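Below is one structure, written out as structure tokens; the observations come after it.
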Amino acid sequence: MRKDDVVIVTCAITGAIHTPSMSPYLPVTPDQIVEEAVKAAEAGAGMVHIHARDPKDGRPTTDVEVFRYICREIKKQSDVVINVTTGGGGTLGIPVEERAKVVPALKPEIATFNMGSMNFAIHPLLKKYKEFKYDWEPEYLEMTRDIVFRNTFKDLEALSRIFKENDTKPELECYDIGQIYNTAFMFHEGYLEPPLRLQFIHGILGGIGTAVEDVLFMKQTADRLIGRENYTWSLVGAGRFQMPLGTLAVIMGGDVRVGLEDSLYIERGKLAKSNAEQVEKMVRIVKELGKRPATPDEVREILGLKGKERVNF
Amino acid sequence: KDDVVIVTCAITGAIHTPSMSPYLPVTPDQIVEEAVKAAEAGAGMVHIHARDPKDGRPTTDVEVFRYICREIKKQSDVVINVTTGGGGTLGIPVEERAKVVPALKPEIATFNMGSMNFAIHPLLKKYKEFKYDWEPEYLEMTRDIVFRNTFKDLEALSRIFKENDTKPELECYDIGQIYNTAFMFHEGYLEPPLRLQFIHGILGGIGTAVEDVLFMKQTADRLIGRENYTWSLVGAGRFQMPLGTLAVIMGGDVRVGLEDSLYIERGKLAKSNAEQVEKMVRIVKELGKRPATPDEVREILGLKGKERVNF
Amino acid sequence: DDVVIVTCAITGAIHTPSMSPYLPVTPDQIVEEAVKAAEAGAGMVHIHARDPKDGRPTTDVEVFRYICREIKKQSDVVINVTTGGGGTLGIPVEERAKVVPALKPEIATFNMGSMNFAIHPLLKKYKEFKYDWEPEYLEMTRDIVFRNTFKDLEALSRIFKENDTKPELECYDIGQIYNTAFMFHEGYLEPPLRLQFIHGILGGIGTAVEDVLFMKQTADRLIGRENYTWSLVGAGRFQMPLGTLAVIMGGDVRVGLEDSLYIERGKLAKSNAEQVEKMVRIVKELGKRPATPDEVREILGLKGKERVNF
Amino acid sequence: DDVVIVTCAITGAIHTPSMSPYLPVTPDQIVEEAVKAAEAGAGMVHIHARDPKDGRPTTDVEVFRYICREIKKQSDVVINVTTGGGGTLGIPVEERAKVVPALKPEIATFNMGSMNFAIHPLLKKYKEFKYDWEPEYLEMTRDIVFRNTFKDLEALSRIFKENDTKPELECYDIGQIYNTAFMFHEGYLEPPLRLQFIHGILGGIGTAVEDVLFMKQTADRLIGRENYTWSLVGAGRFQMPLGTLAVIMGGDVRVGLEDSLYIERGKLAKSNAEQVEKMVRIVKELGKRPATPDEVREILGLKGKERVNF
Ligand SMILES: [Zn+2]
Ligand SMILES: [Zn+2]
Ligand SMILES: [Zn+2]
Ligand SMILES: [Zn+2]
């Protein structure tokens with residue numbers, strides 16, 4: 001049972017979708033990711049969501065030593081909840097058993113747990129960006145035209161066990177209705193321990209879109225398959241749907257995720273200068289609606305997390 | 001008129017295995033006989049997979065397809081809808097599975113609209129004894145096989161279908177795949193009017209709630225346009241007749257068959273594909289409608305004719 | 001969940017005699033049609049009274065008494081008495097409710113809000129009427145509220161309890177489900193509730209699949225799936241499609257000449273039984289079966305045929 | 001698709017004077033609050049009249065005349081005049097409509113069905129009233145129909161047209177959207193239509209996100225996306241979240257002490273402007289801005305401030 005006026009704001013710092021040449025404010029190096037996470041926390045993000053990128057050229061990497069560095073350095077400066085991706089790399093065809101290695105290495109409090117195999121395509125960005133600092137960038141974007149983001153039921157069974165072994169909470173990423181169905185199945189099969197934490201992700205080419213209809217239907221599907229008393233949820237709107245759909249989520253009693261991982265913009269046609277800028281905006285809206293951002297320790301109590309110092313970094 | 005319903009019958013598929021029902025058609029001759037029976041019962045279109053004649057194992061073998069399609073056409077003017085999905089749950093990619101279309105040049109063929117989990121390993125808790133070793137191996141392997149249909153695959157497939165004058169039947173198992181369909185349509189790969197099929201109840205896809213069906217259809221109206229497509233629905237298993245009837249109430253078309261359910265009623269095996277067709281036709285008729293003849297299927301879906309297929 | 005309650009609504013107050021020679025008008029016609037409906041598989045029949053002389057709707061509790069007495073002599077069917085009939089003539093709940101103490105039925109209708117309820121467009125479809133009352137009645141629905149205020153509802157809730165009569169809570173709109181939830185949460189309506197969704201009335205919600213799903217979802221969300229069961233009425237040509245929909249969704253269904261005069265497009269239904277026979281064929285194709293009257297009593301927790309006051 | 005019409009409903013007929021010292025009740029109070037709302041970014045203000053001495057709701061056209069004249073002297077704000085006010089005292093449309101011929105406003109409310117409209121539960125929250133009329137009024141609404149029959153609406157449509165006043169079509173339920181669809185198709189209502197969805201009245205549709213979306217979808221499906229525009233009213237604590245939802249969905253929004261006495265839970269709004277300022281802040285965070293009164297006129301096709309009869 002949680003307070004009806006406290007909203008968890010998550011800030012997704014860099015991701016794997018956007019590339020350096022798309023915005024000079026996309027955090028690329030590990031130290032940039034660290035500083036932007038700490039700034040996001042100080043702006044009201046009770047949780048930060050972390051991917052690694054190669055410092056030399058910003059290319060996505062699964063390297064757990066880069067994760068280890070980033071997470072340790074954030075923890076030195078902040079009590080923010082550090083949520084680690086196990087999805088990062090998937091758009092480069094990297095399997096779950098390799099993506100998942102960050103969980104036993106770092107034993108984070110919470111990490112992402114993607115709930116189905118899907119197309120996950122950003123090749124259309126090649127129409128929008130013509131020149132790139134690095135050769136890897138347009139190659140990466142093109143290759144997503146034929147790469148499956150793979151998360152089979154066999155993968156998910158093994159992942160559920162890995163999370164339990166390292167006392168890591170799954171944040172169950174759902175990009176379509178079928179993936180909520182997948183979530184219900186794994187829950188009812190005993191693999192996922194309640195209360196579940198779901199995140200609804202809207203606007204991926206290969207997933208569900210960004211209509212108000214889509215958001216409502218996702219949440220109602222979770223209510224009816226899983227049961228309201230058995231889960232909490234957050235939402236991501238891609239790109240310019242970040243603030244409108246995030247606001248919808250809050251109105252519906254959900255939590256919200258913002259961050260340069262999901263959108264490079266602060267307004268129509270205006271690049272966000274930092275993660276903190278989007279966090280400050282969403283906090284202003286949360287407060288107009290008579291709510292407030294959760295502190296990191298509130299996030300821990302709300303999601304039942306193990307504690308900032310019970311991690312392996 | 002809004003009083004004609006296309007009733008499609010999916011004869012064997014690739015999900016059910018022989019040991020699950022002695023009435024699942026296995027051999028090429030069984031599949032032919034059953035298709036022709038389904039047609040005579042009011043299925044204006046039949047949907048065909050191939051199986052290894054020896055043991056029923058799904059196969060892409062084009063020469064089995066050719067034999068089956070040739071033999072159906074010799075007995076019936078039924079519209080023959082060929083799979084390019086069969087083999088997908090064994091990890092065979094679109095490039096291989098699509099070769100039936102340039103070979104046979106069918107009037108219509110299936111065209112799966114996204115990559116997904118497609119899992120039937122739970123069937124192992126229901127069936128313990130199998131005539132063939134391949135059957136439980138296959139069920140188990142689906143726990144870890146992606147039914148792969150990437151945007152690259154789909155661009156290639158769109159061209160293959162156009163090059164052979166084969167209409168795509170766009171199989172959508174989830175809301176995301178209707179979004180994928182809208183993308184491919186707007187990009188210019190898929191020619192309108194589109195033919196969609198909503199498939200409910202696959203582990204890895206959307207479920208079988210009335211909510212699910214309505215939302216799929218509303219998503220197509222909203223992204224594609226109510227005028228720019230027609231649609232059919234498949235309800236897996238015991239949801240076959242109720243969801244098929246729902247589709248009819250909603251102005252859609254319906255698909256039945258042993259590919260999709262082994263049963264005629266809770267606990268009772270269907271003895272043929274024709275039995276399920278006869279039932280659905282009775283339901284259609286009580287709702288004031290009638291099944292489409294094959295030639296009405298051709299008119300409604302803009303198909304080339306049986307004279308122009310390569311069998 | 002393989003039993004469906006099929007109700008047959010025998011005559012109502014909306015259709016008038018000159019619209020169809022098959023609409024039951026006299027008390028004896030209504031009785032006989034109710035009995036045939038029951039024999040066709042309707043476990044419950046729904047009754048309105050009409051004037052024997054010209055078929056004008058009437059609330060006369062003594063006409064109700066004759067009709068219900070005579071049905072019960074011939075059949076164990078559950079007899080559902082209207083407390084809505086007369087409402088489209090401007091007659092308020094206080095008068096319409098008098099049937100409940102008079103007859104103490106097992107179940108009676110209980111309408112869940114005030115609304116416009118207009119059938120004046122029927123004057124565009126029928127230009128010749130045997131009786132002067134028919135077109136005057138139709139025209140006056142243009143300016144008559146079907147009145148069921150919260151005061152009315154509170155009084156009615158008590159009247160039903162005093163007579164051990166189960167409410168069948170008639171909802172014609174989403175607002176009326178909200179009213180139901182209110183009356184339930186306030187303590188006036190004893191669960192489990194029986195609701196009926198009425199689709200197609202001008203002044204009410206329409207006949208889209210969307211409308212039906214949204215009504216049922218609204219009740220699930222406000223009242224709770226565990227706290228109610230439901231039936232559906234589709235008006236006119238929507239009778240069979242929406243009824244079939246309701247069965248697919250796990251609801252019960254109501255048919256009858258009260259709700260539609262037709263058996264198919266352009267063809268008058270020759271009797272209530274014709275409609276029940278057809279809905280029963282559909283129910284059976286969907287692997288279900290009609291509830292017998294005693295199954296209806298068990299499902300809805302009804303007091304039994306011997307405990308009524310007729 | 002970046003301009004949002006923010007309407008402020010200054011006083012209404014639901015809340016009573018003793019519920020908040022900040023509810024405007026005298027004519028001059030109403031004028032002053034209307035101007036402050038306009039200055040805060042309300043391009044339109046919605047006006048009811050109240051008795052100058054006891055604050056009771058009143059239809060008196062000469063009170064409306066003074067109020068609207070005095071507002072227009074100070075502000076070019078668009079003045080929306082109620083034809084619903086008095087309905088909860090049982091006053092019928094024919095009487096409530098007289099303000100339209102008298103004042104020929106640019107825009108006026110046009111309520112789209114008969115309904116329960118009950119505020120007796122306010123007696124649980126407010127125990128002391130300065131006037132006897134206040135608790136009496138609230139209790140009586142338990143048993144008063146808010147009457148708006150099809151005959152009424154036919155008459156009202158001619159009145160609006162005769163005075164070159166745009167109908168703002170108030171829908172409190174799904175059936176009322178169906179009613180709007182009918183009156184449109186019958187030729188009574190001139191497109192493009194202006195609808196307003198009212199959420200939270202006891203007797204109407206509630207305040208769920210589901211309710212809002214289903215109202216808007218029904219209007220799209222029945223009337224056509226291109227044939228209407230819409231505004232939304234969330235009652236009470238739902239004012240801001242539902243108004244924000246409306247903005248997200250492309251709709252316009254109404255605030256004001258008519259609909260909520262509060263600026264935040266447990267904190268009384270000290271003025272209409274306080275609610276307007278808040279909504280306007282929310283609009284701007286969502287990358288939009290409030291309409292000026294002249295933009296309201298252009299967006300809705302209003303005749304202009306110089307063409308009213310005050
Ligand atoms: Zn991520
Ligand atoms: Zn198939
Ligand atoms: Zn009745
Ligand atoms: Zn008002």
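Note: hydrogens, waters and symmetry copies are ignored here, and every other heavy atom, side chains too, is used. Here is how names work: the chains are called A, B, and so on, in the same order as the sequence lines, proteins then strands, and each is numbered from 1.
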Residue part contacting chain C, namely of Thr207(D), when any heavy atom lies under 4.5 Å: backbone
Enclosure of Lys151(D) NZ (heavy-atom neighbours >12, cutoff 6.0 Å): no
Spacing of CG belonging to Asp152(D) relative to CZ belonging to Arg142(C), to within rounding of 0.5 Å: 11.5 Å
OG1-CG distance between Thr149(C) and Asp143(D), expressed to the nearest 0.5 angstrom: 4.0 Å
Full working for side chain to side chain contact (heavy atoms under 4.5 Å, CB included) between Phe150(C) and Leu202(D): CA-CA 9 Å; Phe150(C) 288 103; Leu202(D) 179 56; 3.6 Å; yes
Option that, when pairs with chain D are counted at under 4.5 Å, heavy atom only, ranks first among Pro121(C), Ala208(C), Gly203(C): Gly203(C)
N-O pairing of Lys124(C) and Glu186(D) below 4.0 Å: yes
Options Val145(C), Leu153(C), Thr141(C), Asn148(C), ranked by heavy-atom pairs under 4.5 Å with chain D, top entry: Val145(C)
Separation of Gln176(D) CD from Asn116(C) CG (nearest 0.5 Å): 8.5 Å
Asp173(D) vs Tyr178(C) side-chain heavy atoms within contact, under 4.5 Å: no
Options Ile201(C), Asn179(C), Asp211(C), ranked by heavy-atom pairs under 4.5 Å with chain D, top entry: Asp211(C)
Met140(D), CE: over 12 other non-hydrogen atoms inside 6.0 angstrom: no
Chain C contact via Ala181(D) - which portion, at a heavy-atom distance below 4.5 Å: neither
Whether over 12 other heavy atoms sit under 6.0 Å from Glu94(D) CD: no
Test item: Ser114(C) and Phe117(D) side chains (from C-beta on) under 4.5 Å apart, heavy atoms: no
Partner chain D: residue of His120(C), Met115(C), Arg147(C), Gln217(C) with the largest heavy-atom pair count (under 4.5 Å): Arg147(C)
